[PDB]
Structures are given as C-alpha cells and as structure tokens.
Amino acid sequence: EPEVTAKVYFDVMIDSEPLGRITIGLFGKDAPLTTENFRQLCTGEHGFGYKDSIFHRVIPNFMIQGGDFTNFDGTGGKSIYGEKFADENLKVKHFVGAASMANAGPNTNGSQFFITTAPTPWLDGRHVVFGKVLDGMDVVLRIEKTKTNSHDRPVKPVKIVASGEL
C-alpha cells in the first residue's frame, strides 16, 4: 500500500463506555488535498471538525461511516476548502481497514468518510482511499457489531469524544 506520511487518531465512546483509540495513517504523497482536509478536520484547526461527531451509519461486514458534523444524519459535512473538492486518486483500491471518502458522485468530497471492515470492490474507482487504520482495528470491529435499526444507525450514539494528530 501507499506511504503513510502522518497519523491522526479518534477516541471513541458509546454511552459511558470507552472503546479505545483508533489510529489512522494518511497517504500524504498519493492524496495531499484529501489527507490535509482529513488532518485539519481532526485537529479542528478551522473551528469545526470531527471532535464530538458520531459514526451515523454502520453496516456489518462492510463499513462504518462518519464525518457529518453539521447534520449528524449523512446529509451534511464540509471540507476545509469549502463545500466540495475534486477526486484526487481513484486508482487505489479498497482493503480491510481502509479510510475512504464518501461522496455523492464525482468531485463531491466533503468531510464524510468511512472505514471498510471487508473487501468492497464495488466501491473501487469511485471513492478516494486516503489512509488506513494503523492501530485500533479491534475498536472498529467493536463499533461494527453495535446494535442498529432501519437505516443502519446505531441505537446508541457512537461518539468521537476526541480527535487530533499524533
């Protein structure tokens, strides 16, 4: 896989229960614009970001999705560059533990992302893979088993209580 050039983390909690820390390595050389956006949303440098946001969608044996810190339902989010930015590299395929940008078509990247927990070939070529879980995969797997409902949303908020650069 591509070279890791920076590391960010998420501290996750599910209603009083601390799950642990997820460490994500970013592919800075293969996706500078995408990684910088993710990085700065983690630190909250611009006044907004991932701290105190949730993983609004969970689909077992597929992925977990978060990043909508404006509407908390999958319809919001925003990049540091503005509303949306272009797809940087679509040639990197997904793999277990990949961090990838969610979107609503070509060049509509904002702040939403997902972490895959299984092969997802049907996403290859259409979503920019910008990093991977270097540590805390067990935490990702734990989140994946959380009870959901119609719409695949956790019954109890899966909250990112802290985020930043390591």
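For every residue, the number given is its place in the sequence shown, counted from 1.
Colleague: May I ask you to compare 37 to 45 and 62 to 70 by their mean CA B factor in the entry and name the higher one?
Modeller: In the deposited entry, the stretch with the higher C-alpha B-factor mean is 37 to 45.
Colleague: Mean C-alpha B-factor higher for 27 to 35, or for 134 to 142?
Modeller: Higher mean C-alpha B-factor: 27 to 35.
Colleague: Tell me, please, which of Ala118, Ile115, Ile54, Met101 has the highest C-alpha B factor according to the deposited entry?
Modeller: If I rank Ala118, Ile115, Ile54, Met101 by C-alpha B-factor, first place goes to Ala118.
Colleague: Sorting the chain's modelled residues by C-alpha B-factor, tell me whether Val155 ends up in the lowest, middle or highest third.
Modeller: For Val155, whose C-alpha B-factor we compare with every modelled residue in the chain, the answer is the highest third.
Colleague: Give the position of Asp11 by CA B-factor within its chain, expressed as the lowest, middle or highest third.
Modeller: Tercile = lowest for this residue's CA B-factor.
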